[PDB]
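> When you get a sec, could you give me coordinates for this:
(chains A, B, C, D, E, F, G, H, I, J, K and L, ligands or ions: 34)
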Amino acid sequence: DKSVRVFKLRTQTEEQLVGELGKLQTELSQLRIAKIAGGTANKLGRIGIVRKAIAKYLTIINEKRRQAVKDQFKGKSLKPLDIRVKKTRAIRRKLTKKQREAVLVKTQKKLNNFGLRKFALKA
Amino acid sequence: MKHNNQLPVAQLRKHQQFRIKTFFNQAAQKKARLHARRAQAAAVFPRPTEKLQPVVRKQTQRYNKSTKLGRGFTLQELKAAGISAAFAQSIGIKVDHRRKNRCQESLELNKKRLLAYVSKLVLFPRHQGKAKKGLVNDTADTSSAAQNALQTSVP
Amino acid sequence: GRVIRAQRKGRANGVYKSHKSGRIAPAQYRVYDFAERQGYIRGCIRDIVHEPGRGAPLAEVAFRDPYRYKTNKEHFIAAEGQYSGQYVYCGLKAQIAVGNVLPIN
Amino acid sequence: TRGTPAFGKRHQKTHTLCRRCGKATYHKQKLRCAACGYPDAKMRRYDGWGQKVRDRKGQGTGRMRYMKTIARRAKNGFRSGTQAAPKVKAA
Amino acid sequence: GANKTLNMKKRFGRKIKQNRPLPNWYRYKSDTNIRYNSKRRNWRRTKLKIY
Amino acid sequence: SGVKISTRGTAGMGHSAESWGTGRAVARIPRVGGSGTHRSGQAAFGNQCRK
Amino acid sequence: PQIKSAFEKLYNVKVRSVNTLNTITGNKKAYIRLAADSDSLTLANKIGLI
RNA sequence: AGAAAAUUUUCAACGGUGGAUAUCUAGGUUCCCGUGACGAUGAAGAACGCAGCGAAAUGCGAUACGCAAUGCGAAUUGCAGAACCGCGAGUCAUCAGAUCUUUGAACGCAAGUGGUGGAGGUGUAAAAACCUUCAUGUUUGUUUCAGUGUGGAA
RNA sequence: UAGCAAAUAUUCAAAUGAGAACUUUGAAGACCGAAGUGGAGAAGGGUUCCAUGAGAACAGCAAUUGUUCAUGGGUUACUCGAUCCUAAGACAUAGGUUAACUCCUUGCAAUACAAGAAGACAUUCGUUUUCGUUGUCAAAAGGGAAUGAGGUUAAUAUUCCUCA
RNA sequence: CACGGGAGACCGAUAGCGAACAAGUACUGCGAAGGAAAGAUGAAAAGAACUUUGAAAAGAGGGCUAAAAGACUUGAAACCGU
RNA sequence: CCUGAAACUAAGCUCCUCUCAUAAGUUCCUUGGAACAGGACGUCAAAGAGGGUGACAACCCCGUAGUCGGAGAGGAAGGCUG
RNA sequence: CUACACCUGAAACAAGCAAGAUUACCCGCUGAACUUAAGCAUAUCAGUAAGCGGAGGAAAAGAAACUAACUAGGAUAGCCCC
Ligand SMILES: [Mg+2]
Ligand SMILES: [Mg+2]
Ligand SMILES: [Mg+2]
Ligand SMILES: [Mg+2]
Ligand SMILES: [Mg+2]
Ligand SMILES: [Mg+2]
Ligand SMILES: [Mg+2]
Ligand SMILES: [Mg+2]
Ligand SMILES: [Mg+2]
Ligand SMILES: [Mg+2]
Ligand SMILES: [Mg+2]
Ligand SMILES: [Mg+2]
Ligand SMILES: [Mg+2]
Ligand SMILES: [Mg+2]
Ligand SMILES: [Mg+2]
Ligand SMILES: [Mg+2]
Ligand SMILES: [Mg+2]
Ligand SMILES: [Mg+2]
Ligand SMILES: [Mg+2]
Ligand SMILES: [Mg+2]
Ligand SMILES: [Mg+2]
Ligand SMILES: [Mg+2]
Ligand SMILES: [Mg+2]
Ligand SMILES: [Mg+2]
Ligand SMILES: [Mg+2]
Ligand SMILES: [Mg+2]
Ligand SMILES: [Mg+2]
Ligand SMILES: [Mg+2]
Ligand SMILES: [Mg+2]
Ligand SMILES: [Mg+2]
Ligand SMILES: [Mg+2]
Ligand SMILES: [Mg+2]
Ligand SMILES: [Mg+2]
Ligand SMILES: [Zn+2]
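Numbering: from 1, shown residues only, chains lettered A, B, ... in the order given. Ligands and ions are numbered 1, 2, ... in the order given. Have a look at this structure:
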């Protein structure tokens, strides 16, 4: 009977975390059956504890799975939308910096041969 | 409608409630303009605030007797100055291509203005290289560091 | 400034909308088969029934389709004296008899 | 009689619950909801027409699952793929 | 009557649950002004909307 | 400073409110038509009236 | 059927029949009859339901 | 002097009804300044759920008044039980990673119905049951095609 | 104070309770009189159903009683109905109209039309074959595959149990 | 208009946004739409121990507290009792 | 008379976000249930804006000021200058 | 006639795009009456409300087929004047 520490969880394997999940769930059901028949406050607390626990376990499992899929897709564009940047529809729909600044030839020429200079007037 | 007083002139006849303008921003606005101007100076530091403006006569018979700041220099004038529009622009000079000189004197004023400008000019090229047109002035001018207003220098 | 009944009869959403639930079929002729323009097609009166909006009886006529195995049913207008199970002849060469269908010429 | 004895005859109900707005605004005979207009597929409300409405149904009226955090992460620059980091610099 | 949608059943269930009285121990909290549940409803005096 | 002006109007103007008309042995002031709220029939926007 | 299977896999019993209720309260009651093989009272006893 | 009471009535004190006045305010109102930043990567809104003891309001979504990360570094507290002194408390804040039921622009079809198609997965002796998937428009392409459209070698 | 006067009626003893014309048992007298004051449904209601308990309020007198308050518990189906079918009807799609929103057509199916279904091998595709113009919603009295008797609960039962 | 900042010769619970509060809520309407009322015990619950009479509510004693201020600050008028 | 995509190569700044820290009486009397009151002696002040602490508290606590200051973390729909 | 090329149309598939929300400000349309003329048609209210379609952080506008005739001025937008 102890609190569950996240890092400790990230230490284990996927198998491990899963087995534990199943165990936890079975625990819960037993416990609710506690509430129903007859039960001690110990069992009541047990409930909330195990619930939160299960959540935590799941959380970890997804962290891992995720970092894995992201790994496979690392390097490619055409990742699954899950992973693609989500900011604003308007954000993604917009032009690039490349395209923002991108300049027609004549322009690059004027920019070279005329441009702007540092000057000072004296008085 | 009673007395001898002058026939009123209706004002609020329509629904003006939607159409009123309020001036409280003015307070802060002035201030904003200040800081803008100042932040321009700082970002422009070696260069002057207002770009070079030629001068002309005003457009009305009553205004002719007076002097007014033009928007740009006449190509004819840049020619007599010996500057290309493009260059003058890289210098901080203001050019206007639709304006035309119908008088010798109007050429004169602006020539005098341009020349005055150039004479008082300092030009920073890519570091320690020197150049030719409108020319380029010595590296020591970098130390001279002039923050100046155009009315002082070219009046 | 009301709308007379006179006017209300042209409304199609209206109250005046025919009661069609009883109608059996339109009563029309055969399709204009080649057979009818150049020859004769014969059919039977399977029955002559009463359409609920009609004064005139309708004749239910079996025809054999020229181009397929299907048997074609059609509803004609009863010509007085036509019997159930009569042979009705339609076309160019069909002869003159009560209830046959020819060109007027 | 248009009155009390008449009221006894009302067991019909012209509206049912609109899937979209969930009141009983749905008109089975007209196939629409008087409030939102569920089949219409864009929200039915006339704003200038009469003024109270948006404050009854409208944006911010019910909880906004997505948008509330948009205010906050608007300022944070819309971070994606970032994790918070310790100021203690543990490696 | 007898015949019901799911939707109906669920809605009715909802309102049935929501119709409980304030639990006697909530009145003992430090930050609450609530003596009673102001939103309780009686089928006879007030009717729901289900159609 | 000023009093609320909004889409609805100057504050206090926020009802659709009528004048019952002379027949009712009541004052002619605007009231709030409606049903079910104690505010119903209550005098509508004007200096005289609460709210 | 989902209930029959799940109940067997979970409780190691043979379910002879399953019947379903939707309470107004919003839950599903399942009345489950075990085959002659098992004894409800027993499953009750192991589960902590006595 | 029907010179007592009861009634009717003036004034005061106390009591009762009632909530004015005075003093307050995590509210309103107006002004100035800063950002505009929703949505098929499924929005705004809707339904039903989620606490050991919970109706509402607020939060949340079967990981359900919350997971993770980060910063604060010991509480929550109405009751009961645990967890934690740093393997770190917390109805704390921050918030950049997750969870995100039935819906809704709402999408296989349909709908006052958890009804019902095709393809794939699963299951079985075969089924049932469960699961995933399929809306329309458009810009490119890819593949397969039609045209007594224009040409047309061997 | 007006008032609590329609719909023939109540009475006795016991018990319970602080308290009984108004609650429960029994004993009498009457009523609805199978066109019911009886037994069950549809619409509508939504927990008003069952049990235990009960201070105030409410049940226009009263109450030991309740349609009220509190707590717990109740709604099991291959054969009942929805779900399927078509109707009066209605709406998409396609095409057209509108500044636009909107609007017009569609079962005798189109103001549309290069829109389908099936089989087999293959068993995916593909291959192959055959026949082919093109949607959906609307009935808890219409159409409509098959169940009955007996027993059981405080509250469900052509559903659970037993038997067929 | 939304989320933020700051401010005011504004308003101060019949005022001020309709909403200082489980307020666009309760409630009404077939519906489009309508839409309120409702803020202040005390510094601290110390929220009235115990005795007595009551079937019970409650009364009389007795007590907390600076004070009952006891469903609550002040506590006006109309009206009512002594 | 001017210019410079490629490649190679040095040093830097701007803006944004989240965190962490800072003066000086709790001395003495009197009235108070409470001292934040009236007195006596003291202090800081580029801080006597404003709040909270049992009462009209600069000095008890949060703050205010030095602070376009200092320290730590992460940022740029992938900032800017040789 | 075939292969094949090109023009035209079609189906399935891959990758992307639109569909709703927002209200203060902005754009394009549509568009009245109350009211004022002490009556009332023109007119006024007024291109105003309501209605519809589109956006953005702003929108729109903008480098003259502009003014002015003077010793001329010179994109657009806002302020002041006129
Ligand atoms: Mg501005
Ligand atoms: Mg029609
Ligand atoms: Mg709300
Ligand atoms: Mg909200
Ligand atoms: Mg019903
Ligand atoms: Mg009723
Ligand atoms: Mg009613
Ligand atoms: Mg009178
Ligand atoms: Mg008094
Ligand atoms: Mg933690
Ligand atoms: Mg498509
Ligand atoms: Mg060809
Ligand atoms: Mg009477
Ligand atoms: Mg009776
Ligand atoms: Mg009966
Ligand atoms: Mg009965
Ligand atoms: Mg039909
Ligand atoms: Mg039709
Ligand atoms: Mg049958
Ligand atoms: Mg059976
Ligand atoms: Mg006493
Ligand atoms: Mg006193
Ligand atoms: Mg008196
Ligand atoms: Mg003392
Ligand atoms: Mg002192
Ligand atoms: Mg102070
Ligand atoms: Mg500081
Ligand atoms: Mg092609
Ligand atoms: Mg739109
Ligand atoms: Mg007017
Ligand atoms: Mg007049
Ligand atoms: Mg005009
Ligand atoms: Mg935007
Ligand atoms: Zn709706």
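
> From RNA strand J, how far out is the residue nearest the centre of chain E?
With distances taken as Cα atoms, centre = their mean, the residue of chain E nearest its centroid is residue E:19 (2.2 Å). In this view, residue E:19 and RNA strand J are 10 Å apart by Cβ to the nearest atom of the strand, to the nearest Å. C-beta coordinates here come from the backbone N, C-alpha and C atoms, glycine included.

> Now do the contacts for the closest residue to residue B:146 other than its chain neighbours.
Closest residue to residue B:146 apart from its sequence neighbours, by Cβ to Cβ, 6 or more residues apart in numbering or on different chains: residue A:120 at 3.9 Å. If you count contacts by Cβ atoms under 8 Å, 6 or more residues apart in numbering or on different chains, residue A:120 has them with B:46, B:47, B:48, B:121, B:122, B:141, B:144, B:145, B:146, B:147, B:148.

> ditto for residue C:78
Neighbour list for residue C:78: C:48, C:56, C:57, C:58, C:59 [criterion: Cβ under 8 Å, 6+ apart].

> For it, which non-adjacent residue is closest in space?
Nearest residue to residue C:78, sequence neighbours excluded (Cβ to Cβ, 6+ apart): residue C:57, at 3.8 Å.

> who's in contact with that neighbour?
Contact partners of residue C:57, counting by Cβ under 8 Å, 6+ apart, are C:48, C:49, C:50, C:78.

> how about a cut-off of 10 Å?
With contact taken as Cβ atoms under 10 Å, 6 or more residues apart in numbering or on different chains, residue C:57 is in contact with C:27, C:47, C:48, C:49, C:50, C:51, C:77, C:78, C:79, C:80, C:82.

> what helix or strand is the residue positioned nearest the centre of chain G on?
For chain G, the residue sitting closest to the mean C-alpha position, by Cα atoms, centre = their mean, is residue G:32 at 4.1 Å. Per DSSP states H and E, residue G:32 falls inside strand G:28-34.

> Report the buried residues of that strand.
G:32, G:34 (16 or more other Cβ atoms under 10 Å in any protein chain shown).

> helices or strands up against it?
Where contact means 3 or more Cβ pairs under 10 Å, 6 or more residues apart in numbering or on different chains; DSSP states H and E, strand G:28-34 is packed against helix G:2-11, strand G:15-22, helix G:40-47.

> so the second one versus helix G:2-11, what angle?
In this case it means strand G:15-22. 120 degrees (axes from the mean of the first three to the mean of the last three Cα atoms, to 10 degrees).

> relative to strand G:28-34, how tilted is strand G:15-22?
Relative orientation of strand G:15-22 versus strand G:28-34 (the same axes, to 10 degrees): 160 degrees.

> Also the longest one?
For the pair helix G:2-11 and strand G:28-34, the angle between their directions (the same axes, to 10 degrees) equals 60 degrees.

> Neighbours of residue D:82, how many?
As a burial measure, residue D:82 scores 8 neighbours (other Cβ atoms under 10 Å in any protein chain shown).

> wait, is it part of a strand?
No - with DSSP: H, G, I helix; E, B strand; the rest coil as the criterion, residue D:82 is located in coil rather than a strand.

> any bit of the strand holding residue G:32 sitting next to RNA strand I?
Yes - residues of strand G:28-34 contacting RNA strand I under Cβ under 7 Å from any atom of the strand: G:29, G:31, G:33.
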